[PDB]
file structure.pdb (PDB, C-alpha atoms and all ligand atoms)
ATOM      1  CA  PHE A 150       0.000   0.000   0.000
ATOM      2  CA  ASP A 151       2.727   2.475   0.854
ATOM      3  CA  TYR A 152       4.577   1.723  -2.407
ATOM      4  CA  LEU A 153       1.184   1.881  -4.079
ATOM      5  CA  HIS A 154       0.690   5.415  -2.799
ATOM      6  CA  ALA A 155       4.269   6.416  -3.528
ATOM      7  CA  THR A 156       3.719   5.846  -7.257
ATOM      8  CA  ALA A 157      -0.025   6.443  -7.396
ATOM      9  CA  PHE A 158       0.714   9.986  -6.283
ATOM     10  CA  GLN A 159       4.475  10.351  -6.731
ATOM     11  CA  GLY A 160       5.766  13.892  -6.281
ATOM     12  CA  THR A 161       2.788  14.788  -4.112
ATOM     13  CA  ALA A 162       2.078  14.784  -0.393
ATOM     14  CA  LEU A 163       0.034  11.657  -0.643
ATOM     15  CA  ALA A 164       3.081   9.763  -1.929
ATOM     16  CA  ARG A 165       4.594   9.907   1.579
ATOM     17  CA  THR A 166       4.769   7.293   4.332
ATOM     18  CA  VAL A 167       2.939   8.194   7.569
ATOM     19  CA  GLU A 168       5.993   7.006   9.442
ATOM     20  CA  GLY A 169       8.206   9.400   7.512
ATOM     21  CA  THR A 170      11.753   8.920   6.165
ATOM     22  CA  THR A 171      14.494   7.125   8.035
ATOM     23  CA  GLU A 172      16.543  10.309   7.937
ATOM     24  CA  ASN A 173      13.767  12.548   9.223
ATOM     25  CA  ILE A 174      13.177  10.249  12.205
ATOM     26  CA  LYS A 175      16.913  10.424  12.822
ATOM     27  CA  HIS A 176      17.125  14.215  12.816
ATOM     28  CA  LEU A 177      13.686  15.636  13.652
ATOM     29  CA  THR A 178      13.966  18.109  16.527
ATOM     30  CA  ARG A 179      12.300  19.265  19.742
ATOM     31  CA  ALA A 180      11.765  22.218  17.450
ATOM     32  CA  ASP A 181       9.900  20.700  14.483
ATOM     33  CA  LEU A 182       8.010  18.324  16.711
ATOM     34  CA  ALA A 183       6.769  21.422  18.494
ATOM     35  CA  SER A 184       5.985  23.201  15.231
ATOM     36  CA  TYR A 185       3.737  20.360  14.001
ATOM     37  CA  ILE A 186       1.553  20.393  17.118
ATOM     38  CA  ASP A 187       1.878  24.154  17.033
ATOM     39  CA  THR A 188       0.719  24.647  13.443
ATOM     40  CA  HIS A 189      -1.454  21.558  13.178
ATOM     41  CA  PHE A 190      -3.329  20.799  16.401
ATOM     42  CA  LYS A 191      -5.704  23.758  16.248
ATOM     43  CA  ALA A 192      -9.347  23.966  17.386
ATOM     44  CA  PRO A 193     -11.297  24.430  14.135
ATOM     45  CA  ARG A 194      -9.267  21.526  12.758
ATOM     46  CA  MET A 195     -10.496  19.262  15.577
ATOM     47  CA  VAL A 196     -13.561  17.430  16.730
ATOM     48  CA  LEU A 197     -14.332  16.312  20.212
ATOM     49  CA  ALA A 198     -16.366  13.157  19.776
ATOM     50  CA  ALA A 199     -18.100  11.032  22.331
ATOM     51  CA  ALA A 200     -20.625   8.241  22.555
ATOM     52  CA  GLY A 201     -21.875   6.210  25.510
ATOM     53  CA  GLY A 202     -23.659   7.220  28.696
ATOM     54  CA  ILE A 203     -23.047  10.956  28.282
ATOM     55  CA  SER A 204     -25.282  14.018  27.856
ATOM     56  CA  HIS A 205     -24.202  16.444  25.167
ATOM     57  CA  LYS A 206     -24.582  19.269  27.641
ATOM     58  CA  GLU A 207     -22.256  18.021  30.402
ATOM     59  CA  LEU A 208     -19.693  17.162  27.743
ATOM     60  CA  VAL A 209     -19.924  20.335  25.704
ATOM     61  CA  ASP A 210     -19.221  22.223  28.948
ATOM     62  CA  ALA A 211     -16.057  20.421  30.018
ATOM     63  CA  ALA A 212     -14.834  21.260  26.531
ATOM     64  CA  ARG A 213     -15.703  24.925  26.969
ATOM     65  CA  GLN A 214     -13.618  24.607  30.117
ATOM     66  CA  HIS A 215     -10.352  23.156  28.787
ATOM     67  CA  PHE A 216     -10.504  23.968  25.078
ATOM     68  CA  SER A 217      -9.467  27.533  25.793
ATOM     69  CA  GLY A 218      -6.898  29.633  23.930
ATOM     70  CA  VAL A 219      -9.024  32.013  21.871
ATOM     71  CA  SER A 220      -7.927  33.033  18.361
ATOM     72  CA  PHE A 221      -6.992  36.662  17.701
ATOM     73  CA  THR A 222      -6.402  37.166  13.985
ATOM     74  CA  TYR A 223      -8.529  35.504  11.284
ATOM     75  CA  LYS A 224      -5.795  33.218  10.009
ATOM     76  CA  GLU A 225      -6.227  31.072  13.106
ATOM     77  CA  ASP A 226      -9.880  30.734  12.060
ATOM     78  CA  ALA A 227      -9.073  29.801   8.458
ATOM     79  CA  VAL A 228      -9.082  26.088   7.584
ATOM     80  CA  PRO A 229      -6.001  25.664   5.319
ATOM     81  CA  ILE A 230      -6.956  24.176   1.954
ATOM     82  CA  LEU A 231      -4.480  21.553   0.705
ATOM     83  CA  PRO A 232      -2.742  21.678  -2.711
ATOM     84  CA  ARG A 233      -4.129  18.661  -4.578
ATOM     85  CA  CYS A 234      -2.179  15.571  -5.563
ATOM     86  CA  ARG A 235      -1.597  14.338  -9.133
ATOM     87  CA  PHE A 236      -2.617  10.770  -9.835
ATOM     88  CA  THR A 237      -0.291   8.955 -12.194
ATOM     89  CA  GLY A 238      -0.998   5.749 -13.992
ATOM     90  CA  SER A 239       2.188   3.845 -13.304
ATOM     91  CA  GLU A 240       3.783   1.030 -11.385
ATOM     92  CA  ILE A 241       6.597   0.229  -8.976
ATOM     93  CA  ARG A 242       7.908  -3.340  -8.742
ATOM     94  CA  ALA A 243       9.979  -4.410  -5.728
ATOM     95  CA  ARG A 244      11.402  -7.802  -6.569
ATOM     96  CA  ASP A 245      12.753 -10.294  -4.086
ATOM     97  CA  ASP A 246      12.424 -13.894  -5.205
ATOM     98  CA  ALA A 247      13.370 -14.873  -1.639
ATOM     99  CA  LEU A 248       9.989 -13.581  -0.505
ATOM    100  CA  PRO A 249       7.669 -16.572   0.151
ATOM    101  CA  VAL A 250       4.653 -15.092  -1.601
ATOM    102  CA  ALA A 251       3.956 -11.998  -3.648
ATOM    103  CA  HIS A 252       1.663  -9.032  -3.141
ATOM    104  CA  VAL A 253      -0.064  -7.043  -5.828
ATOM    105  CA  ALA A 254      -2.035  -3.833  -5.541
ATOM    106  CA  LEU A 255      -3.881  -2.314  -8.489
ATOM    107  CA  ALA A 256      -5.922   0.883  -8.338
ATOM    108  CA  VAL A 257      -7.476   3.860 -10.085
ATOM    109  CA  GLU A 258      -7.936   7.498  -8.926
ATOM    110  CA  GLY A 259     -10.817   7.890  -6.504
ATOM    111  CA  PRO A 260     -13.514  10.582  -6.260
ATOM    112  CA  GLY A 261     -12.857  11.937  -2.749
ATOM    113  CA  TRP A 262     -14.965  11.830   0.422
ATOM    114  CA  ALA A 263     -17.619  14.282  -0.803
ATOM    115  CA  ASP A 264     -18.757  12.608  -4.086
ATOM    116  CA  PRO A 265     -21.837  10.337  -3.549
ATOM    117  CA  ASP A 266     -20.736   7.753  -6.045
ATOM    118  CA  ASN A 267     -18.306   6.619  -3.348
ATOM    119  CA  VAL A 268     -21.399   4.744  -2.154
ATOM    120  CA  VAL A 269     -21.899   2.991  -5.481
ATOM    121  CA  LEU A 270     -18.197   2.225  -5.737
ATOM    122  CA  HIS A 271     -18.595   0.499  -2.380
ATOM    123  CA  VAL A 272     -21.651  -1.460  -3.488
ATOM    124  CA  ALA A 273     -19.393  -2.566  -6.309
ATOM    125  CA  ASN A 274     -16.550  -3.619  -4.032
ATOM    126  CA  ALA A 275     -19.246  -5.584  -2.187
ATOM    127  CA  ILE A 276     -19.774  -7.705  -5.292
ATOM    128  CA  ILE A 277     -16.102  -8.579  -5.762
ATOM    129  CA  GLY A 278     -15.742  -8.771  -1.988
ATOM    130  CA  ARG A 279     -12.802 -10.419  -0.305
ATOM    131  CA  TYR A 280     -11.201 -13.784   0.432
ATOM    132  CA  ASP A 281      -8.482 -15.651   2.359
ATOM    133  CA  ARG A 282      -7.725 -19.376   2.406
ATOM    134  CA  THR A 283      -9.814 -19.791   5.606
ATOM    135  CA  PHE A 284     -13.209 -18.696   4.353
ATOM    136  CA  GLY A 285     -15.417 -21.752   4.671
ATOM    137  CA  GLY A 286     -17.789 -21.175   1.794
ATOM    138  CA  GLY A 287     -14.889 -21.943  -0.505
ATOM    139  CA  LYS A 288     -16.019 -23.028  -3.961
ATOM    140  CA  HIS A 289     -19.613 -21.976  -3.172
ATOM    141  CA  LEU A 290     -18.885 -18.387  -2.183
ATOM    142  CA  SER A 291     -20.765 -15.743  -4.136
ATOM    143  CA  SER A 292     -17.902 -13.472  -5.245
ATOM    144  CA  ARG A 293     -16.961 -14.744  -8.644
ATOM    145  CA  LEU A 294     -13.358 -13.723  -8.033
ATOM    146  CA  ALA A 295     -13.477 -15.665  -4.783
ATOM    147  CA  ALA A 296     -14.869 -18.885  -6.197
ATOM    148  CA  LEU A 297     -12.357 -18.896  -9.054
ATOM    149  CA  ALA A 298      -9.599 -18.175  -6.594
TER
ATOM    150  CA  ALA B 194       6.045  -4.134 -74.092
ATOM    151  CA  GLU B 195       4.229  -3.123 -70.886
ATOM    152  CA  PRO B 196       0.723  -1.748 -71.344
ATOM    153  CA  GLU B 197       0.430  -1.617 -67.592
ATOM    154  CA  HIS B 198       3.233   0.970 -67.442
ATOM    155  CA  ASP B 199       0.908   3.852 -66.647
ATOM    156  CA  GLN B 200      -1.460   2.105 -64.208
ATOM    157  CA  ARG B 201       1.581   0.669 -62.519
ATOM    158  CA  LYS B 202       3.064   4.135 -61.919
ATOM    159  CA  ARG B 203      -0.335   5.428 -60.866
ATOM    160  CA  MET B 204      -0.171   2.683 -58.298
ATOM    161  CA  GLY B 205       3.365   3.476 -57.194
ATOM    162  CA  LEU B 206       2.017   6.919 -56.286
ATOM    163  CA  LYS B 207      -0.915   5.622 -54.243
ATOM    164  CA  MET B 208       1.436   3.080 -52.676
ATOM    165  CA  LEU B 209       3.985   5.727 -51.711
ATOM    166  CA  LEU B 210       1.300   7.844 -50.085
ATOM    167  CA  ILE B 211      -0.477   5.180 -48.087
ATOM    168  CA  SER B 212       2.937   3.747 -47.294
ATOM    169  CA  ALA B 213       4.468   6.935 -45.883
ATOM    170  CA  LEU B 214       1.370   7.744 -43.814
ATOM    171  CA  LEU B 215       0.868   4.187 -42.445
ATOM    172  CA  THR B 216       4.541   3.822 -41.548
ATOM    173  CA  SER B 217       4.430   7.091 -39.652
ATOM    174  CA  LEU B 218       1.353   5.981 -37.727
ATOM    175  CA  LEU B 219       2.841   2.564 -36.871
ATOM    176  CA  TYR B 220       6.059   4.237 -35.751
ATOM    177  CA  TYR B 221       4.102   6.288 -33.224
ATOM    178  CA  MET B 222       2.249   3.295 -31.835
ATOM    179  CA  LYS B 223       5.470   1.303 -31.682
ATOM    180  CA  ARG B 224       7.161   4.082 -29.708
ATOM    181  CA  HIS B 225       4.064   4.814 -27.672
ATOM    182  CA  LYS B 226       3.823   1.275 -26.356
ATOM    183  CA  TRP B 227       7.572   0.856 -25.992
ATOM    184  CA  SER B 228       7.779   4.099 -24.043
ATOM    185  CA  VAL B 229       6.925   2.130 -20.883
ATOM    186  CA  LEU B 230      10.302   0.443 -21.246
ATOM    187  CA  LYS B 231      12.518   3.194 -22.572
ATOM    188  CA  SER B 232      11.246   5.525 -19.816
ATOM    189  CA  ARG B 233      11.668   2.847 -17.167
ATOM    190  CA  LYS B 234      13.962   3.369 -14.178
ATOM    191  CA  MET B 235      15.471   0.816 -11.845
ATOM    192  CA  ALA B 236      17.436   0.797  -8.626
ATOM    193  CA  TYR B 237      19.265  -1.857  -6.667
ATOM    194  CA  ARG B 238      18.216  -1.442  -3.052
ATOM    195  CA  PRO B 239      19.532  -4.349  -0.956
ATOM    196  CA  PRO B 240      18.834  -4.756   2.804
ATOM    197  CA  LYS B 241      22.382  -4.006   4.047
TER
HETATM  198  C1  LIG C 301       2.124  -0.565 -48.096
HETATM  199  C2  LIG C 301       0.770  -0.925 -48.642
HETATM  200  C3  LIG C 301       0.517  -0.070 -49.886
HETATM  201  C4  LIG C 301      -0.858  -0.384 -50.493
HETATM  202  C5  LIG C 301      -1.240   0.612 -51.584
HETATM  203  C6  LIG C 301      -2.597   0.308 -52.208
HETATM  204  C7  LIG C 301      -2.562   0.691 -53.677
HETATM  205  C8  LIG C 301      -3.588  -0.067 -54.519
HETATM  206  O1  LIG C 301      -4.349   0.880 -55.323
HETATM  207  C9  LIG C 301      -4.826   0.483 -56.595
HETATM  208  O2  LIG C 301      -4.511   1.535 -57.583
HETATM  209  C10 LIG C 301      -4.973   1.200 -58.954
HETATM  210  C11 LIG C 301      -4.570   2.350 -59.890
HETATM  211  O3  LIG C 301      -5.473   3.453 -59.810
HETATM  212  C12 LIG C 301      -6.514   0.932 -58.976
HETATM  213  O4  LIG C 301      -6.938   0.592 -60.302
HETATM  214  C13 LIG C 301      -6.863  -0.201 -57.986
HETATM  215  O5  LIG C 301      -8.270  -0.451 -57.989
HETATM  216  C14 LIG C 301      -6.383   0.202 -56.567
HETATM  217  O6  LIG C 301      -6.706  -0.838 -55.629
END

call {"tool": "encode", "arguments": {"input": "structure.pdb", "output": "structure tokens"}}
result
Amino acid sequence: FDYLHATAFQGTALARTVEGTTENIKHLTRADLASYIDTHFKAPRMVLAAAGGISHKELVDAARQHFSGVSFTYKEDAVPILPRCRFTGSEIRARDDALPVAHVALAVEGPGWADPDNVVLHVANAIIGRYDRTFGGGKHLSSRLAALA
Amino acid sequence: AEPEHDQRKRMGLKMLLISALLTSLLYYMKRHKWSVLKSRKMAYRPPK
């Protein structure tokens, strides 16, 4: 999946590992670590979520109590829009014949959270479904790709 | 000696035209497809 991303997007933010480079991890600093939290963990860009035996009220309050630090300017109120990433039909092949099995990931550019079709696309994925050697249905499963597999 | 003469040259023309155009086209498609390889890049990244 990582490699998939790294070529699917290549030269874009999305083509980066969430764990970061080996170098970065080696040299990141008290500084930059600060900066991230600093620049990134900001109120508008956050959602306090809860579910269980709790009343919205009670909760909402506690939040009003600790989620202080009020924003002065207007920049601190502005949700930064991200520069979009270029999809690129391509491939990356990491060969190691010493690897027991092989993995293969194929994909196409998606529509994005918003777009409704994401629903359809899912309904689709539901038809091709999924499979591992332990499913019991085996040869009787409904996913054509499964059965054949 | 060669009644055809004319018609044969008239053909040569047609043949040269189709020819030139169809070779060009094919050449694109050949390159196009082959691009994938000629553009290819590889690296040797062992585990060290
Ligand atoms: C590389 C492939 C080249 C094919 C060229 C096709 C040329 C055939 O063209 C011929 O020309 C004659 C003269 O007018 C006509 O009489 C024939 O009917 C016609 O078929």

call {"tool": "atom_distance", "arguments": {"input": "structure.pdb", "atom1": "CA of residue 273 (chain A)", "atom2": "CA of residue 250 (chain A)"}}
result
27.5 Å

call {"tool": "closest_residue", "arguments": {"input": "structure.pdb", "among": "B:234, B:207, B:198, B:241", "to": "chain A", "atoms": "only C-alpha atoms"}}
result
B:234

call {"tool": "residues_near_ligand", "arguments": {"input": "structure.pdb", "ligand": "ligand LIG 301 (chain C)", "cutoff": "6 Å", "atoms": "all atoms listed in the file", "output": "ChimeraX atom specification"}}
result
/B:200,203-204,207-208,211-212

call {"tool": "residues_around", "arguments": {"input": "structure.pdb", "residues": "residue 218 (chain A)", "least_positions_apart": "5", "cutoff": "12 Å", "atoms": "only C-alpha atoms", "output": "PDB file with C-alpha atoms, in the coordinates of the input"}}
result
ATOM      1  CA  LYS A 191      -5.704  23.758  16.248  1.00  0.00           C
ATOM      2  CA  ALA A 192      -9.347  23.966  17.386  1.00  0.00           C
ATOM      3  CA  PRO A 193     -11.297  24.430  14.135  1.00  0.00           C
ATOM      4  CA  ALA A 212     -14.834  21.260  26.531  1.00  0.00           C
ATOM      5  CA  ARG A 213     -15.703  24.925  26.969  1.00  0.00           C
ATOM      6  CA  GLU A 225      -6.227  31.072  13.106  1.00  0.00           C
TER       7      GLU A 225
END

call {"tool": "interface_residues", "arguments": {"input": "structure.pdb", "of": "chain A", "to": "chain B", "cutoff": "10 Å", "atoms": "only C-alpha atoms", "output": "MDAnalysis selection string"}}
result
chainID A and resid 239:245

call {"tool": "write_last_selection", "arguments": {"input": "structure.pdb", "atoms": "C-alpha atoms", "output": "PDB file, in the frame of the given file"}}
result
ATOM      1  CA  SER A 239       2.188   3.845 -13.304  1.00  0.00           C
ATOM      2  CA  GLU A 240       3.783   1.030 -11.385  1.00  0.00           C
ATOM      3  CA  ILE A 241       6.597   0.229  -8.976  1.00  0.00           C
ATOM      4  CA  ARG A 242       7.908  -3.340  -8.742  1.00  0.00           C
ATOM      5  CA  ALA A 243       9.979  -4.410  -5.728  1.00  0.00           C
ATOM      6  CA  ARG A 244      11.402  -7.802  -6.569  1.00  0.00           C
ATOM      7  CA  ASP A 245      12.753 -10.294  -4.086  1.00  0.00           C
TER       8      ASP A 245
END

call {"tool": "resolve_selection", "arguments": {"input": "structure.pdb", "expression": "the PyMOL selection byres (((chain A and resi 254-259) around 12) and not hetatm)", "output": "PyMOL selection string"}}
result
chain A and resi 150-154+156-158+234-242+251-253+260-268+270-271

call {"tool": "axis_aligned_box", "arguments": {"input": "structure.pdb", "around": "region 230-233 of chain B", "padding_each_side": "3 Å", "output": "lines of an AutoDock Vina configuration file"}}
result
center_x = 11.4
center_y = 3.0
center_z = -19.9
size_x = 8.2
size_y = 11.1
size_z = 11.4

call {"tool": "atom_distance", "arguments": {"input": "structure.pdb", "atom1": "CA of residue 164 (chain A)", "atom2": "CA of residue 232 (chain A)"}}
result
13.3 Å

call {"tool": "atom_distance", "arguments": {"input": "structure.pdb", "atom1": "CA of residue 282 (chain A)", "atom2": "CA of residue 298 (chain A)"}}
result
9.3 Å

call {"tool": "residues_around", "arguments": {"input": "structure.pdb", "residues": "residue 288 (chain A)", "least_positions_apart": "5", "cutoff": "9 Å", "atoms": "all atoms listed in the file", "output": "count of residues only"}}
result
4
